[PDB]
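So the chains spell out like this:
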Amino acid sequence: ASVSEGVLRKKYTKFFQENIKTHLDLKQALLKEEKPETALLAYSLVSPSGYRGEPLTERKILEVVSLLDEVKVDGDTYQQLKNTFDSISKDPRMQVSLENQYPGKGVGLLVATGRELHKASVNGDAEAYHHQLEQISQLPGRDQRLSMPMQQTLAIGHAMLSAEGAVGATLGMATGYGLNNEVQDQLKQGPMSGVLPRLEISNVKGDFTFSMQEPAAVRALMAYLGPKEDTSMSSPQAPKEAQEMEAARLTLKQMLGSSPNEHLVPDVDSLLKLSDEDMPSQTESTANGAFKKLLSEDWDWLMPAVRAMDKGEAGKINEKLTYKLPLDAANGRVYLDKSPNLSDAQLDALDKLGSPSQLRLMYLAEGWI
Amino acid sequence: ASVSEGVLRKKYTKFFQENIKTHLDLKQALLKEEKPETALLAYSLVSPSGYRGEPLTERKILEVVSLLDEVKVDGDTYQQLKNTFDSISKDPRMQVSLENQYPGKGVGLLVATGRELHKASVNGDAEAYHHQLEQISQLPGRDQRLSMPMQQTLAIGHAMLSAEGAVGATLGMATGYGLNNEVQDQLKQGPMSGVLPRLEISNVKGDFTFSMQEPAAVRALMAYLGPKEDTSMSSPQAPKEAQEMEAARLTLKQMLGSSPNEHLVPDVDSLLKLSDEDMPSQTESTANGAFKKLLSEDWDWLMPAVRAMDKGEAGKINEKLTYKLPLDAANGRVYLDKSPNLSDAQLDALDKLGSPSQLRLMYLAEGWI
Amino acid sequence: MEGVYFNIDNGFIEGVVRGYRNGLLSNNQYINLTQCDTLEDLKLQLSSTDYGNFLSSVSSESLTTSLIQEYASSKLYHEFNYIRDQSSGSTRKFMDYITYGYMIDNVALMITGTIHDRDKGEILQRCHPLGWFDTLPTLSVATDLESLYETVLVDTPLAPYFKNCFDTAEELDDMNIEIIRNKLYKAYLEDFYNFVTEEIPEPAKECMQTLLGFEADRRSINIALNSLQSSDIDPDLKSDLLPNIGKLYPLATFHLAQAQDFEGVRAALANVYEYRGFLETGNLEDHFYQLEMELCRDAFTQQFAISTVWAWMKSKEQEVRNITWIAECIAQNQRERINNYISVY
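Residues numbered from 1 in each chain as written, not as in the entry; some residues may be left out. Chains lettered and ligands numbered in written order. Part of a larger assembly, values for the part shown. Heavy atoms only, no water. Residues with missing side-chain atoms left out of burial classes, pairs and counts.

### A look at the overall build of chain A
What chain A contains, in helices and strands, is 15 helices and four strands. Projected onto its principal axes, the C-alpha coordinates of chain A cover approximately 75 × 65 × 45 Å. (Helix = DSSP H or I, 4+ residues; strand = E, 2+ residues; numbered from the N terminus.)

### Digging into the overall build of chain C
Along chain C, the regular secondary structure elements total 14 helices and zero strands. Listing each helix as α and each strand as β along chain C from the N terminus yields α-α-α-α-α-α-α-α-α-α-α-α-α-α. Relative to the globule expectation of 20 Å for 345 residues, the C-alpha radius of gyration of chain C, 21 Å, shows essentially globular dimensions. Dimensions of chain C along its principal axes, counting C-alpha atoms only, are 55 × 55 × 45 Å. Split into buried and exposed, the 345 residues of chain C put 49% on the buried side. Relative to all contacts within chain C whose residues are 6 or more apart in sequence, the contacts with residues 24 or more apart total 64%. Looking at chain C as shown, the accessible area adds up to about 17400 Å², and 47% of this sits on carbon and sulfur atoms. With 27 positive and 52 negative side-chain charges, chain C shows a separation of 4 Å between the mean positions of the two kinds. (Rg over C-alpha atoms; globule rule 2.2 N^0.38 Å. Buried < 20%, exposed > 50% of the residue type's maximum accessible area, 1.4 Å probe, protein only. Contact = heavy atoms within 4.5 Å. Areas by Shrake-Rupley, 256 points an atom, 1.4 Å probe, with all protein chains shown as cover. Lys, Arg positive; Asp, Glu negative; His and termini not counted. Charge placed at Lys NZ, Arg CZ, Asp CG, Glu CD.)

### Comments concerning the packing of aromatic side chains
Tallying each qualifying case throughout the model produces 26 aromatic pairs over all chains. Centroid distance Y335 of chain A to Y149 of chain C: 6.1 Å. Interplanar angle 80 degrees. Geometry classified as edge-to-face. Separated into two different chains, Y335 of chain A in the loop between β3 (323-325) and β4 (336-338) and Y149 of chain C in helix α7 (residues 145-153) make up a pair that spans both. Pairing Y97 of chain C with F195 of chain C gives two aromatic rings, centres 4.2 Å apart and planes at 35 degrees, and the pair type is tilted. Pair noted here: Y97 of chain C is in helix α5 (residues 90-115) and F195 of chain C is in helix α8 (residues 174-199), with a separation of 98 residues, a long-range link. Summarising the burial analysis for this pair, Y97 of chain C and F195 of chain C share the class buried. Here the aromatic cluster, defined as three or more aromatic residues joined through ring pairs, consists of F94, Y97, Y100, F192, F195 and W310 of chain C. Above the ring of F208 of chain B, the side-chain terminus of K105 of chain B is found at 5.3 Å from the ring centroid. (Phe/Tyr/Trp six-rings, centres within 6.5 Å; stacked < 30°, edge-to-face > 60°. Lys NZ or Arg CZ within 6 Å of the ring centre and 35° of its normal.)

### Topic: the side chain of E200 of chain B
All names here are of chain B. Residue placement: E200 occurs in strand β1 (residues 200-203). Although buried, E200 forms no salt bridge, and the nearest oppositely charged side chain, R198, lies 5.3 Å from it. The residues touching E200, leaving out its near neighbours within four places in the chain, are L45, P48, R52, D86, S89, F208 and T209. (Salt bridge = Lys/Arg side-chain N within 4 Å of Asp/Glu carboxyl O.)

### Brief notes about the pairing of strand β2 (residues 206-209) of chain B
All names here are of chain B. As defined by bridge partners, β1 adjoins β2 across four bridges and the pair is classed as antiparallel. Bridge pairing in β2 places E200 opposite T209. Between the end of β1 and the start of β2, which pair antiparallel, lie two residues. (Pairing = 2+ DSSP bridges.)

### Describing the pattern of salt bridges
With the rule as written, the count across this model stands at 33 salt bridges over all chains. Between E297 of chain B and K293 of chain B there is a salt bridge, and its shortest N-O distance comes to 3.8 Å. With relative accessibility at 21%, the residue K293 of chain B sits in the partly exposed group. Close ionic contact of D328 of chain B with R333 of chain B constitutes a salt bridge, the shortest N to O distance being 3.4 Å. For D328 of chain B, a relative accessible area of 63% gives the class exposed. Residue classification places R333 of chain B among the partly exposed residues on the basis of a relative accessible area of 35%. The network of salt bridges with common partners includes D91, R93, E246 and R249 of chain A.

### Brief notes about the side chain of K253 of chain A
Residue and element names in this part refer to chain A. Relative to the elements of secondary structure, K253 occurs in helix α10 (residues 243-256). Among buried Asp, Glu, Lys and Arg side chains, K253 stands out as unpaired, with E262 the closest opposite charge at 6.6 Å. A distance of 3.1 Å separates the side chain of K253 from the backbone oxygen of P227, its partner in a polar contact. In contact with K253, other than residues within four places in its own chain, are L225, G226, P227, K228, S258, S259, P260 and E262. (Polar contact = N/O pair within 3.5 Å; in protein donor to acceptor, adjacent residues only side chain to side chain.)

### Observations regarding the nonpolar core
Core analysis: the largest hydrophobic core is formed by 89 residues, its most contacted members being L33, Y51, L139 and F192 of chain C. With twelve residues, the single largest contributor to this core is α5 of chain C. Contact partners of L139 of chain C, with chain neighbours within four places excluded, come to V107, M110, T114, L148, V152 and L153 of chain C. Grouped together as the second largest cluster of nonpolar side chains are 57 residues, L154, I317, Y363 and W368 of chain B included. (Core = buried A, V, L, I, M, F, W, Y, C linked by side-chain atoms within 4.5 Å.)

### Quick notes on unusual backbone geometry
For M233 of chain B, which is not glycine, the phi torsion reads 65 degrees and is therefore positive. If you trace the backbone, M233 of chain B turns up in the loop between α9 (215-224) and α10 (243-256). Phi angles above zero are rare outside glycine, and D117 of chain C is one such case at about 60 degrees. Within the secondary structure, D117 of chain C sits in the loop between α5 and α6 (120-124). The exposure class assigned to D117 of chain C is exposed, which follows from its relative accessible area of 71%.

### Some remarks on the interface of chain C and chain B
At the junction of the two partners, chain C supplies seven residues and chain B supplies five residues. Between chain C and chain B lies a buried interface of about 500 Å² when both sides are counted; carbon and sulfur atoms form 42% of it. Considering only the side of chain C, the residues that lose the most area to chain B are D236, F254 and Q258 of chain C, jointly responsible for 63% of the buried surface there. In this structure, the connection of chain C to chain B is made through one salt bridge. In this structure, the salt-bridge partner of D236 of chain C is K324 of chain B, at a minimum N-O distance of 3.0 Å. Partitioned by chemical class, the residues of the side of chain C that touches chain B number two nonpolar, three polar and two charged. (Buried area = accessible area lost by both parts, 1.4 Å probe. Nonpolar A, V, L, I, M, F, W, Y, C, P; charged D, E, K, R; others polar.)

### Focus on a nonpolar patch on the surface
On the surface, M1, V4, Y5 and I8 of chain C cluster together into a nonpolar patch covering about 560 Å² of accessible area. Tracing the backbone through its elements, the reader meets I8 of chain C in helix α1 (residues 7-21). (Patch = residues over 30% accessible without salt bridge, like charges linked within 9 Å, V, L, I, M, F, W, Y side chains within 5 Å.)

### Topic: the state of the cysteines
Residue and element names in this part refer to chain C. With the rule as written, the count across this model stands at zero disulfides over all chains. You can see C165 has no disulfide; the closest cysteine sulfur is in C127, sitting 18 Å from it. Residue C165 is classed as buried on the basis of its relative accessible area of 5%. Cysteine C329 shares no disulfide, and the gap to the nearest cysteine sulfur, in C36, comes to 13 Å. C329 sits in the buried class, given a relative accessible area of 4%. (Disulfide = S-S within 2.5 Å.)

### Examining the environment of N261 of chain A
Along the polypeptide, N261 of chain A turns up in the loop between α10 and α11 (284-295). Between the alpha carbons of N261 of chain A and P239 of chain A there is a distance of 22 Å; along the sequence they are 22 residues apart.

### With respect to a negative patch on the surface
A contiguous patch of negative charge on the surface is contributed by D144, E150, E170, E171, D173, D174 and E178 of chain C. Residue placement: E150 of chain C occurs in helix α7.

Encoded structure:
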């Protein structure tokens, strides 16, 4: 109802037939019709980074992200995303989020193997947590333009880190490469992520440009959309620079599904505790322990529990999820059942959350709650 | 709709009962009815070669090609073939085609075995290419009088060369005959080729006569029907000798299904390339690579793809040929499918050919394309 | 060899089944049954055979074709139960495997009658008393196929055969029950073929392999000729109904699975040599019955073999079918097609 991609490289193959290797003199070749003002909008994805600081300026995936930037039918939903990005790119608060995920821009064989079997299992769980999360935003009431490609990027990024865990554990066990490029070529097959705008950054440290199909720029965008608004920056008392970067911030936080009351501060650190005043308020702390139970009790229970909660029917969770599996016993097949044993205390806490925001479920899939 | 043979040697057994061993004084015995002018037409197959240069003049297969020359019901289709042959036998261009297929008319054990296992496998493929080609001319829109016995002759000729490959590979491996006559007697069982006229040749080098149920005279007839007409030899500017041997040439080339625009120059040589001006024009070069894909992915895909192309439905080839076969895996039967993965570039080139000519498919079955 | 260790347990059983075999009707006895005028003449004529004094103590006026086929089937069933009681070891197992194939038909019949809201006692009769399995009348409750299976079918010997049947999960109608039953009989024939391949000795092994091959081939041709009715069936959803045993599976069940019209089935069977003599002529069922009786006749030439039990069972069933057909033609005054019995002896 909100997203429909394709993989037809033969419908518009004239843009990829000749050896076009120049960012300049490509807008005339990208017109190709009697439409001019809307063919420049698909060129706006690569145009601020089309000259400054890039190698060879036309990599073979930079055209398919610009060809399949389908603005031909609809020119409203992508323009709203383009009016919001580069309006979000003004405060240092987005920029300090784009510096935490980055740098500056014998018995010892049993230990080093276990450090990389832990890496292959954490990233194998977290990749599965985004596959059952791209079918929660398939349910009615959600949206798919911002929710789908944001978490399709992360599921590709966890599939590569999980592959590097046990390829490294194999080459260390069989000793005490070309396999990482074979799996990198394999995960680009099949579908591909929807096009989001470019998120250029210009400041006193230079003029930077990130990609938003990188798993580290996605991971810093959702950390920006976390915290609630304050008493400042949205009142008309301060018309200075705030209302064009705060209403652009809240129109993405609502676009996931998070109301401006919802706080959602991250957790990962090297410290013991986080703080005192930004703590979850024991109604969602009881509820976050119920969602973690649904992630780690079955591979298929998070989607029909959110579906049962959008209808306001979050008290029938113990009965709508029960199903029966067989068991060979000493008396025969018995057909016992598996139910999520949600207690009444955390079944009540799922009621006071009206619907889980998509931003809350994506912090949960990254281990930030 | 165009051919119906038989094998009843008891319906007209009076012509083969007595020991008739003379070509002369056989036309009175071949009359056998109140019909005279049409019984001479069945005698015209062996009559120009009935006296000059032959051994014993009545071999036991030369009567069954003359008895089953069935002109009793229809006297029009064979007469049109007899008006065309010996009118084709006038130019040197047919005669120089009938001189290219003719002469003038330890570790060394592993090498000599591999030269004859290559001979048994090339001729075993090319025999199979004519069995699924005698059911393409069974489809509606084709004809069977000239197409069937021309390529039934070749499939017998490849079955004997394939038998000589591994009989020779057996007697060389078991050392470092009567088996070739046992397989020659076997391939004359069952059906038999339809009767084509005799193709006599008279020139300054002598008076020759070939057979057209020999695989080497068939192979030189289709090399003559290949090239297109020129600006000369069909215009009324040259009424000298051309229009009776050029319109006889084009009425066989159309009888296969080849329009006079179609060129189809052969390929086999001892050189690197062929020429510059007779090259295929990249619409059929892309299409000939699509037919070679259909010959060498399955034993049953050439006939339902030509059948799908005569209807103008040559864009649904990827879906009308897909079928599923089982596969024992580690999880059970899975029933995966096999499809001809024709790309869109060579699926378009099969559209610009309206229908494959039977002459094009027979060069393909001989490796000349 | 085969005559060495066989008789130790099976010599008495083999001799008694050959004695049962010597009472099969030959051609002259069927002609004498054909020449009867009324039905009491048929009773008196059957009295001078191995059957005799079987319709004694019935009546002289309550004699009906249905009563004759009931008693002629009950004599068969009592003889089979005697031979099954006198056995042990592998022969007892083999006869239980003979029983399971009728148990499958009773399952399908009871479910189908339960759909149409018929009586328990109506479906309990005409329900083939050899495949009994005590918890059979409980199949008339709880229409849903799961609520049959998780309650009563797991404790039956038909429990390992529903490994495919849980694909559709709704209430049943007349085509779903037949899809189920075909999957049952497929898994069943392959279980019994792999049983014969590993335990039964060799001269009985080859005879049972060719008889099971013919059973699988007959049911494959019947499913291919009944599946082209008014429905849309994926060849993936039809090839799970044709058994992986027989002389037409390695490649000829493939063209049966991919076939649309009657000519597709004719072209599919055109290359198997024993077949393609069947579809171009009349009653297509009589060819299967005739070929089954010829194979069962060829099974009685091996002496140290327990294929004799299966061959005699099928021959005696064909004999009961022939006597029922002759009794119908006598009682209904329809003597035009009375000579369409199938007699090989």
